[PDB]
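Letter by letter, the first sequence follows residues 17 to 104 of the UniProt record's numbering.
Ideal Cβ placement from N, Cα and C applies to all residues, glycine included.
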Amino acid sequence: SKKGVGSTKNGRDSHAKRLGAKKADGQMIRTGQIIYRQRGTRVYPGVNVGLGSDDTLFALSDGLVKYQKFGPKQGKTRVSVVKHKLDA
RNA sequence: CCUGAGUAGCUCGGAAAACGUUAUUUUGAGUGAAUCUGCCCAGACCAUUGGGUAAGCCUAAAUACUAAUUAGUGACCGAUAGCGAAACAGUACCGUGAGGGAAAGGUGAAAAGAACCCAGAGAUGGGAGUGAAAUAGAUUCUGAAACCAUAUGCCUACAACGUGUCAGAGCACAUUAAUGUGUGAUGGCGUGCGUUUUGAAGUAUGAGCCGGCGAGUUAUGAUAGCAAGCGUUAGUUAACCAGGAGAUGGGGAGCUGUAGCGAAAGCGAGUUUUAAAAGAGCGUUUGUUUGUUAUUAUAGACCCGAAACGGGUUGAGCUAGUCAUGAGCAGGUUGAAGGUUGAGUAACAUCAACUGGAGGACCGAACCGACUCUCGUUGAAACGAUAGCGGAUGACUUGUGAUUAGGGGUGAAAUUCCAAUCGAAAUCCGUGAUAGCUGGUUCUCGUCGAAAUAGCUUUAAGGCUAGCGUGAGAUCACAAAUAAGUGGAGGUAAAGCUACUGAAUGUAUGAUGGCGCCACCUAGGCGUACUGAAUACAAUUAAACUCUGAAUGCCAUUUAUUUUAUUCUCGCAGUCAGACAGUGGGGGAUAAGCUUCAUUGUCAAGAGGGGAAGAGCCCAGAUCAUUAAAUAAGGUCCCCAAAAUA
RNA sequence: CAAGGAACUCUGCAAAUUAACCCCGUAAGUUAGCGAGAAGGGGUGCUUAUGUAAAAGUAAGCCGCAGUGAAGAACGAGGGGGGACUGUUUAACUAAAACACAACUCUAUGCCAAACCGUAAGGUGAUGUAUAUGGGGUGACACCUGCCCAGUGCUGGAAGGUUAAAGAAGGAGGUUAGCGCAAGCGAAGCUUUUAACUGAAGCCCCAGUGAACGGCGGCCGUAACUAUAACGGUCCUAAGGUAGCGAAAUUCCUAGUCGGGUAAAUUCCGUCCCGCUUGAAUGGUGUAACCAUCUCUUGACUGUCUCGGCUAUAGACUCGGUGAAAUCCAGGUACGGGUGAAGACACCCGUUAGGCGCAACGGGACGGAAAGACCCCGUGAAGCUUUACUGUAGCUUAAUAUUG
RNA sequence: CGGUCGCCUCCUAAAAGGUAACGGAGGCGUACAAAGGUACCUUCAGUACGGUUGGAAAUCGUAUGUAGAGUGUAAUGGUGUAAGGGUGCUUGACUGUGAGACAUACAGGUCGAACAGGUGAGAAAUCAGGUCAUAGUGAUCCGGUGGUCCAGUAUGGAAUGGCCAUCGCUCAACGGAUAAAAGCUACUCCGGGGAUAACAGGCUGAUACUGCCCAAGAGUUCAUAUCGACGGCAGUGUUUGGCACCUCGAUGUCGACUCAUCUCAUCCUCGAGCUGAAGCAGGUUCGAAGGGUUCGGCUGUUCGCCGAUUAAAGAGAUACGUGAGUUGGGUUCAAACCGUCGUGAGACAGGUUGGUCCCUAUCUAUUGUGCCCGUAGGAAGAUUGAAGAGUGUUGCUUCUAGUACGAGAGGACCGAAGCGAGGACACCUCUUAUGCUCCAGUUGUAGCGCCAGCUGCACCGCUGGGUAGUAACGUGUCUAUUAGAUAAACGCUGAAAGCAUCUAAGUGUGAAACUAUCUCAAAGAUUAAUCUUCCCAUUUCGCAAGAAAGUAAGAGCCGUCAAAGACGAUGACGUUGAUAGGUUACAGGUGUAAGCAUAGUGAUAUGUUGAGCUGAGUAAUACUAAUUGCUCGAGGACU
RNA sequence: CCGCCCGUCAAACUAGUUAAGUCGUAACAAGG
RNA sequence: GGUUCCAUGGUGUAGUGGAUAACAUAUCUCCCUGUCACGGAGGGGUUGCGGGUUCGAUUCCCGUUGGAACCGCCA
RNA sequence: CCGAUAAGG
Ligand SMILES: [K+]
Ligand SMILES: [Mg+2]
Ligand SMILES: [Mg+2]
Ligand SMILES: [Mg+2]
Ligand SMILES: [Mg+2]
Ligand SMILES: [Mg+2]
Ligand SMILES: [Mg+2]
Ligand SMILES: [Mg+2]
Ligand SMILES: [Mg+2]
Ligand SMILES: [Mg+2]
Ligand SMILES: [Mg+2]
Ligand SMILES: [Mg+2]
Ligand SMILES: [Mg+2]
Ligand SMILES: [Mg+2]
Ligand SMILES: [Mg+2]
Ligand SMILES: [Mg+2]
Ligand SMILES: [Mg+2]
Ligand SMILES: [Mg+2]
Ligand SMILES: [Mg+2]
Ligand SMILES: [Mg+2]
Ligand SMILES: [Mg+2]
Ligand SMILES: [Mg+2]
Ligand SMILES: [Mg+2]
Ligand SMILES: [Mg+2]
Ligand SMILES: [Mg+2]
Ligand SMILES: [Mg+2]
Ligand SMILES: [Mg+2]
Ligand SMILES: [Mg+2]
Ligand SMILES: [Mg+2]
Ligand SMILES: [Mg+2]
Ligand SMILES: [Mg+2]
Ligand SMILES: [Mg+2]
Ligand SMILES: [Mg+2]
Ligand SMILES: [Mg+2]
Ligand SMILES: [Mg+2]
Ligand SMILES: [Mg+2]
Ligand SMILES: [Mg+2]
Ligand SMILES: [Mg+2]
Ligand SMILES: [Mg+2]
Ligand SMILES: [Mg+2]
Ligand SMILES: [Mg+2]
Ligand SMILES: [Mg+2]
Ligand SMILES: [Mg+2]
Ligand SMILES: [Mg+2]
Ligand SMILES: [Mg+2]
Ligand SMILES: [Mg+2]
Ligand SMILES: [Mg+2]
Ligand SMILES: [Mg+2]
Ligand SMILES: [Mg+2]
Ligand SMILES: [Mg+2]
Ligand SMILES: [Mg+2]
Ligand SMILES: [Mg+2]
Ligand SMILES: [Mg+2]
Ligand SMILES: [Mg+2]
Ligand SMILES: [Mg+2]
Ligand SMILES: [Mg+2]
Ligand SMILES: [Mg+2]
Ligand SMILES: [Mg+2]
Ligand SMILES: [Mg+2]
Ligand SMILES: [Mg+2]
Ligand SMILES: [Mg+2]
Ligand SMILES: [Mg+2]
Ligand SMILES: [Mg+2]
Ligand SMILES: [Mg+2]
Ligand SMILES: [Mg+2]
Ligand SMILES: [Mg+2]
Ligand SMILES: [Mg+2]
Ligand SMILES: [Mg+2]
Ligand SMILES: [Mg+2]
Ligand SMILES: [Mg+2]
Ligand SMILES: [Mg+2]
Ligand SMILES: [Mg+2]
Ligand SMILES: [Mg+2]
Ligand SMILES: [Mg+2]
Ligand SMILES: [Mg+2]
Ligand SMILES: [Mg+2]
Ligand SMILES: [Mg+2]
Ligand SMILES: [Mg+2]
Ligand SMILES: [Mg+2]
Ligand SMILES: [Mg+2]
Ligand SMILES: [Mg+2]
Ligand SMILES: [Mg+2]
Ligand SMILES: [Mg+2]
Ligand SMILES: [Mg+2]
Ligand SMILES: [Mg+2]
Ligand SMILES: [Mg+2]
Ligand SMILES: [Mg+2]
Ligand SMILES: [Mg+2]
Ligand SMILES: [Mg+2]
Ligand SMILES: [Mg+2]
Ligand SMILES: [Mg+2]
Ligand SMILES: [Mg+2]
Ligand SMILES: [Mg+2]
Ligand SMILES: [Mg+2]
Ligand SMILES: [Mg+2]
Ligand SMILES: [Mg+2]
Ligand SMILES: [Mg+2]
Ligand SMILES: [Mg+2]
Ligand SMILES: [Mg+2]
Ligand SMILES: [Mg+2]
Ligand SMILES: [Mg+2]
Ligand SMILES: [Mg+2]
Ligand SMILES: [Mg+2]
Ligand SMILES: [Mg+2]
Ligand SMILES: [Mg+2]
Ligand SMILES: [Mg+2]
Ligand SMILES: [Mg+2]
Ligand SMILES: [Mg+2]
Ligand SMILES: [Mg+2]
Ligand SMILES: [Mg+2]
Ligand SMILES: [Mg+2]
């Protein structure tokens, strides 16, 4: 005897968006490359770093990326692109 | 003046052409013109221009094929091959019929085919004789293996056996002279071969043995590798003609490359987009014809296998129905209707006797049928035997002849019967139907060597792309690996709940209600067996709680070392059923040798040693030989190699 | 086969009793025909005499345990289910409750009839004529067959709305003779397309039709012991199951309650009725006779059984002759525990066992025969069904030609 | 069958990203001309106090409060001078593009610096290519619409296309087979699968069953005589279950019959402790598997209820044992009907009637019986017994004794005797069954030419008896007893632990269980045993567990047989013999034979006549058959 | 006539019988 | 075991696409009659429980009770 | 249209 079985009601899931950090600290970067994909600003933008229509951080100039912790109780993260600054 | 009338057109349904109906061609129904200043055509249609003369007929050559006659050829076959048929083969044989359809060759140069003798009844055998050969003898070229017997030598009747292998006495011989050969008392080790599977000694599968046959081809094209010829206004011919069924010569028709871009007109080392010249896309160069190999497309395309479908023929001699003409039912009972007579009736009705011999009547043989037991189930028999059983003058049984034929016939109807076959006969043809499904696929060695994953799929036993393999080439460092150091992202383990959201324990102060007792009909008051907001103290819980919070892992960079590849391009794949062990979890019940994930390993595709025996556990990675040495996991009383002290 | 006699078994399957002739006797029920060979009993030999054409019979006597001395001859009673009956059926597993049958009813058909075979000719119906033919349903005989025409089917219907082909008043473009400085306009001719309007059947709509496809309910309260509800209220439908029968070939609960049959009764008989889901021509309820039908009780009877035993043949077994079969990887083929692809002749650890036959019986060799019929899979096959899709034979309506 | 099929958010997801399940929770197929863009200004919800309507909570003022407010939405993340609120002006909710990246099999998706044109806000810097961010979406084909610097099949147009923009799909099975599509098959078929179910096995033990731990309580009072809650821990595989590892080139599945075997968690019998055990009869626990554990009614039944007995009518396992052992009642083929479902073909773990069960045994296992060889000289006898097999049940009556006990009622332990049921072994004196070359009676027919008398056939024709043999339904026996070592239990003497204490030393008692006693077989017991008796003990040559001949006990072949027996074998005999047949005599069985005589008319009766006949039985008798025959067979190595 | 009275249903005892049960109002007047 | 429907006054049933709840019987008061039934007038009485969304739930959503209607098969 | 009227006195 099988006795019959009930039915499940929740078996739905969405595609996983590949968010997170893309360029790590110290890595050289050119303008227009993505540094951080997020839903809502988890990492604030600094100098030479822009914002998009999806809160995506992209570079604005050549240089080395660099994360600096700031904000109350050092709970806010900020990214920047320190220009090559070779300066001979 | 004549030049082809139910004609060309047009409408409604079809078709032919590459066209799935449409300018052109044709027609089943209807309608219906004009007459060289005419009619038709040049992809709807009109005008200009141009081309051609429908509604009449005949027409050689080049073209298609070979049953047959003559000559000849073959990198075609040589009795399981070649036509099914080398012989008297469409024969023997099978079937009612259409139809299906075999096997089988060889004496010797010459029959000189064995006179004669012996045994025997004879065939025949042993001699003789012929012959080069008779172990060439009609059983007739050679004569393989499986299979059956005889014998020299060795072993075997206390012995647990995938039948072998490594050692090993004794016994008996002497060779492709080789640390020789035949047997093997005894000791150690030892669960076949292919297939398909995560995994087969397999209580999964296929083969009784031997021998023969039996499965990647051909034609036409495309791409790629290798090689040759010719080359920078290159390269190369197709058909056809001549030549031996030739190499080849003629034949430049054409095909590829030479300039690209754009949908296209078009422009041109530029072009498309755009107002743009800016920007961006594509270009601003490396050829062709063959030979060989690999893959692929169309053909049956590696081989074998369906249930089927469509078209044609042959079957009612069995059986089912109908029709024509015949025959059969031993024997014995019951005694209807009707009629006659008599009584009776006013006359009927009714009753009694006699006659009469009807019944899908009764009993029971031949005959027909098949309800039961037993036997038989490779039978006596592809449906019967013995013993019983039902009908047996009728819707009966039976002989002969005719007739109804297959998306049809017949059917007192069960999917019955239609030649031992019927959810729709038998046979031949399309046909070598198709099969993402089983099974099989044939010589060797060397190098390398996977996957059982993701997405899509009328997809889940299949397919495509990506991932992993292999071959060739490029990239030398800036690429990729192994270690050390540094920087960064994160919110897990843990911990905490005065840092939130829920859950939640006790103590103290206590909103609140329940509960009372009063007064007051409405504003309320004093205690509450008790409920419990909020606050303070002390203690708790959480995948979807976080004021916090690692390690590992990940990304990048620095230094040292290593490899030309884990990176890029091209050719060819296989893989899409996984299994177990440790670790972190989900589902289950902190069950499963369960199921689904992440990660480290093994097996798959991997032997050896330990675990007594074990695919996945531990130690490790088998090129071959050695009766050499040191070790890993594991172990040292005996089986079974190795120990002792305290 | 002694004693018992169904205790056997799913079931008296099988086996057993009776059996021919003659003489007595024969019930309930009934369609008055039957039941019926009912049930139950008796006699059978030989001789003499009497009887007859022959008998049969009659009287006396004799023998045996037994006299149709052997062979061939019906076992019976009672209740129930179904089919009225005789019959027919699945050649080769189902003979029956299935089919058929006489009978009832509905429907179509006026004759070149309806229906049917073919494509048509032709033919069956039928050399028949509504007292005839074809089809659907029910199935003697007796009594009955209730309500619903909402949906579907069939028949008929005035007008009205919608609708194809076809015909057709016109409309819109293409082209250019021509008019115009251009622009643009623009005759006829042809040509592309649209079209008012006319246009049958059918459908929408209106009535009838059930022995046409079919259908034919709930809730609440209520009587002077309790119990129940004659009765009242209300919702919906086209109408809410009438008579009859009812634990049924139908009843799930259920081995329903009670009575009978038995020492004891899931079966049987009668009755009760919340009949989940009975029921009136897919008919309802009874019914004499009949059944190789199903089911239950019973007398006789017996080896079915308590319970097994004996005898005779043919096998089997031995000798002489002829001489197969399926199966088969090679075998020299033990047992216990464990292991293993999870149930071992072969693996590990132990135990036992001289070599080889013959007669037996079947434990195993997941024994042999049949590429599992059950289950699943395949973008498999075939048969059948329908308001699945797309078509089509046939039938019917209109336009057009033959056609005045 | 139910549920789901595309996209988005969180957790599982193990602090990069990614990661599945018919895992746990939710949403979406949009909304906004402002909720967009810009410039400027501005900042919670709640709570406390104070105040008409006005109330717990509308609005006002002040203060407090660090987000519990808002951010259109399902969640997540973000954001309190923000991305939240208000106002003014506007439409960048632009055109042509686009270096570089994220993520990806592809197709698609996401972010974007910067350039040219022309705008909006703003003094300007600057910002604006839709919104705080992530869901709000559908390829290709086909056709339609607008624009157009392209084509226009001889030419000019037109028709028809081309390019750009745009429209029509809950193509939601959402990478979409076609513009268009539902069911039954028990009348079925084909290719495959243990990739996947039904039977059995395997793993698990949720559930089931058995047991234990704590003690609340019940129990004249008293947890623990007997029960045992609320809770917890195990054992078995033993019900219902879970997984899908073996098997779909076949593992026959319920019940019944036959044969049984094993386990103990013991129903009876046997022993003991406690008792709320006076006696009898009980309750519970411990030890114990040797034997036994009935017949019937209904049902296919297992199960179950009922009837009558018994000492008892045990629980399970063995492919829910057993179809190459039987049956086929049930399930489950084709046929038919009822109820119900479906419009239908058909369907129902709903009901009913009927319906094919094959195989000659090769290996191994087992029951019996043989040949060969070994046991070291051969043969004939008699033994011991290592290792084994078989049986083991129990009731009633009398006595003890109406004694023990008990007001009474009732009623023993221990022991003895008699009679039985079941099971087993053997036998045929008795009773029965059978008794196919026996006796008698008797029917029909055909024969012996006829009567009489016999023979063949009719189930051995039928019927009544019946020798030997074979058997039970029959009668004899067994189903005892004893010893040893013990289980549970009880001990005596005794310390560790001056007491106590069955134990540690020592010494006992103790069950149908165990080892023997009882019956059978047994030296292939290769570990091959022991004893007794008998027969071998040559001549030569050379080579000795050597030869040529040459030496006996015994055995076999063959024949007659049955105390035996499928065939072998076993046993008796083979002329010096009673082995078989025949003959003779007798037993037992049958029942007065044929013929004759008498009587009767005849069937028939009487006397001769307890007569005749007789398969196997008992014993004598060589009359016949077992012939006057052939073969095998011995010197025991050495230590 | 605010008289009389019938027939179902319900209860008990043996169709009848029953002091005060329920639904109607059929008959006695022209019983409507 | 699974799936669909329902829960409204004292009893039988409608509505509400969120802002609102009626019908009949029954009940009460008063005419009515000798009285009562019937009749006439007037009066009165409502979303199963929970928990979310909304400013607002009988209505919308998810759970929990009670009553029904369907299914639970192939071996 | 128009129905009813508890028992013994
Ligand atoms: K199987
Ligand atoms: Mg996500
Ligand atoms: Mg064509
Ligand atoms: Mg001309
Ligand atoms: Mg043209
Ligand atoms: Mg002309
Ligand atoms: Mg040939
Ligand atoms: Mg040959
Ligand atoms: Mg012939
Ligand atoms: Mg010769
Ligand atoms: Mg030969
Ligand atoms: Mg030869
Ligand atoms: Mg030996
Ligand atoms: Mg030994
Ligand atoms: Mg061994
Ligand atoms: Mg081995
Ligand atoms: Mg091979
Ligand atoms: Mg397999
Ligand atoms: Mg497998
Ligand atoms: Mg094997
Ligand atoms: Mg198999
Ligand atoms: Mg296979
Ligand atoms: Mg085989
Ligand atoms: Mg040439
Ligand atoms: Mg007759
Ligand atoms: Mg067809
Ligand atoms: Mg059928
Ligand atoms: Mg046939
Ligand atoms: Mg083929
Ligand atoms: Mg196919
Ligand atoms: Mg390698
Ligand atoms: Mg792998
Ligand atoms: Mg993986
Ligand atoms: Mg597939
Ligand atoms: Mg934690
Ligand atoms: Mg907390
Ligand atoms: Mg887990
Ligand atoms: Mg797990
Ligand atoms: Mg697994
Ligand atoms: Mg593999
Ligand atoms: Mg290994
Ligand atoms: Mg090992
Ligand atoms: Mg190596
Ligand atoms: Mg060493
Ligand atoms: Mg050693
Ligand atoms: Mg008897
Ligand atoms: Mg008797
Ligand atoms: Mg019986
Ligand atoms: Mg019985
Ligand atoms: Mg019979
Ligand atoms: Mg009778
Ligand atoms: Mg009846
Ligand atoms: Mg009949
Ligand atoms: Mg009949
Ligand atoms: Mg048949
Ligand atoms: Mg039959
Ligand atoms: Mg005619
Ligand atoms: Mg009928
Ligand atoms: Mg009938
Ligand atoms: Mg009717
Ligand atoms: Mg009508
Ligand atoms: Mg009745
Ligand atoms: Mg029955
Ligand atoms: Mg009855
Ligand atoms: Mg009817
Ligand atoms: Mg009836
Ligand atoms: Mg019959
Ligand atoms: Mg014979
Ligand atoms: Mg195991
Ligand atoms: Mg198969
Ligand atoms: Mg298909
Ligand atoms: Mg992560
Ligand atoms: Mg991680
Ligand atoms: Mg939100
Ligand atoms: Mg905004
Ligand atoms: Mg299309
Ligand atoms: Mg043109
Ligand atoms: Mg899809
Ligand atoms: Mg098959
Ligand atoms: Mg499996
Ligand atoms: Mg357990
Ligand atoms: Mg006590
Ligand atoms: Mg266990
Ligand atoms: Mg059990
Ligand atoms: Mg699995
Ligand atoms: Mg198995
Ligand atoms: Mg097999
Ligand atoms: Mg088999
Ligand atoms: Mg079998
Ligand atoms: Mg015990
Ligand atoms: Mg004993
Ligand atoms: Mg079991
Ligand atoms: Mg069984
Ligand atoms: Mg059993
Ligand atoms: Mg089971
Ligand atoms: Mg068996
Ligand atoms: Mg069986
Ligand atoms: Mg059999
Ligand atoms: Mg078997
Ligand atoms: Mg049966
Ligand atoms: Mg049968
Ligand atoms: Mg059927
Ligand atoms: Mg119906
Ligand atoms: Mg032994
Ligand atoms: Mg005697
Ligand atoms: Mg005579
Ligand atoms: Mg003491
Ligand atoms: Mg003792
Ligand atoms: Mg030896
Ligand atoms: Mg004698
Ligand atoms: Mg005499």
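- Buried is the label assigned to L73, since at least 16 other Cβ atoms lie within 10 Å of its Cβ.
- Going by DSSP, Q84 is part of the beta strand (DSSP E) stretching over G79 to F86.
- The beta-carbon separation of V97 and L76, rounded to 7 angstroms, stays under the 8 angstroms limit for a contact.
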